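Notes follow once the structure below has been shown.
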Amino acid sequence: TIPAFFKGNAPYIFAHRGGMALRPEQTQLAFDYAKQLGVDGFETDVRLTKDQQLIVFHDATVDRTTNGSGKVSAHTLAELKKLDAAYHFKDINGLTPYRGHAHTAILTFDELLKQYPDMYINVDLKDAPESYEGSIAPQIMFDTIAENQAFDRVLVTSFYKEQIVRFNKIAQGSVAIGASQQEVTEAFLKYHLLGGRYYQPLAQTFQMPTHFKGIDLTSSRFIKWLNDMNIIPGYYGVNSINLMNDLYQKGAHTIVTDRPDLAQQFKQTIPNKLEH
Ligand SMILES: O=P([O-])(O)O
Ligand SMILES: O=P([O-])(O)O
Ligand SMILES: [Cl-]
């Protein structure tokens, strides 16, 4: 029943929102470029539309990344598909080189799965649990994974524990899920009480920044401790090749980067036989 999300013996390199430092976030321009640069998959976010479709999108509103305004939840997919989601992407010249160009439209999560069937998906359920969108997004996420037979290549997580809990109740463990902040806290407590003999029953992925408020989270013993706890350590915001190799060597299993160019460099360094 447990999905074989992790295959081979190499950590997965994910492009942050498709590689948002180099191309307009969440667009085909970004996903195509990151895939060409050799990433193993895409980290991304989903928001629910007025007509209850999951789009690949970060903010609650379209203002920051498009020429439109207002909540995703107040727009139909049809209305959202008319927008230019590269409208505000600026290069270091200050130009907006992709505004008005092809392949700049908002993607649905369904067409992300169909269009990139070889990519692993690391997806964040963004709508809040107390919102209407949050109450139905986990089911629609599962329905989307199921109709595309993508159970073994999608990792579903959320900032909100209740969204993970809602999704996992529907998926019944058939899709890999992220470890919530509260779940890891409970794990540290059970560890201290029971001694080193404790370990989480089901392996879940705990994605961390490499640092928080001056605290370095990349210690070799911490990563080993989490692996000992049956917690899958992962990191985001990894934007140097030395840090990528360091986390690979220490036992991290997922790595989200804003610079998908590093993926190609990382993979030429590892043997081909470690990949599946
Ligand atoms: O997709 P993120 O930026 O919320 O991690
Ligand atoms: O605002 P986020 O990207 O930290 O969720
Ligand atoms: Cl609009």
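Counting with the authors' numbering, you get residues 36 to 311 for the letters of the sequence shown. The beta carbon of each residue, even a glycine, is placed where N, CA and C say it ideally should be.
Contact belief for residue 144 with residue 205 at Cβ below 8 Å, rounded distance in angstroms: Actually they are not in contact, since the Cβ atoms of residue 144 and residue 205 sit about 15 Å apart, beyond 8 Å.
Can you list the beta strand (DSSP E) stretches of 3 or more residues lying completely in the region 186 to 240, in chain order? 189 to 192
Going by DSSP in three states, residue 143 sits in which element: helix, strand or coil? strand
Here's the rule I'm using: 16 or more other beta-carbon atoms within 10 Å means buried, otherwise exposed. How should residue 304 be labelled? exposed
From what residue to what residue does the alpha helix (DSSP H) around residue 301 run? 296 to 304
What is the DSSP secondary structure of residue 124, reduced to helix, strand or coil? coil
Are the Cβ atoms of residue 313 and residue 298 separated by less than 8 Å? Given a span of 36 to 311 for the chain in the structure shown, any question on residue 313 remains unanswerable.
Would you call the CB atoms of residue 155 and residue 75 closer than 8 Å? yes
Under 8 Å between the Cβ atoms of residue 292 and residue 280? no
In the DSSP assignment, the alpha helix (DSSP H) including residue 41 goes from what residue to what residue? No alpha helix (DSSP H) holds residue 41; DSSP gives it neither H nor E.
May I have the straight-line CA-CA distance separating residue 121 from residue 149, to the nearest angstrom? 22 Å
Taking just the CA atoms, how far does residue 141 sit from residue 195? 24 Å
Cβ-Cβ distance between residue 235 and residue 199 below 8 Å: no
Using alpha carbons as the reference points, say which of 261, 230 and 232 lies closest to residue 243. 261
Could you tell me the boundaries of the beta strand (DSSP E) in which residue 76 lies? 76 to 83
Looking only at DSSP bridge pairs, what is residue 247 linked to? 250
Considering only the beta carbon of each residue, do residue 54 and residue 65 sit closer than 8 Å? yes
Enumerate in chain order the residues of its own chain whose CB-to-CB distance from residue 259 is below 8 Å, with the five nearest sequence positions on each side excluded. 285 and 286
Tell me where the alpha helix (DSSP H) around residue 113 begins and ends. 112 to 116
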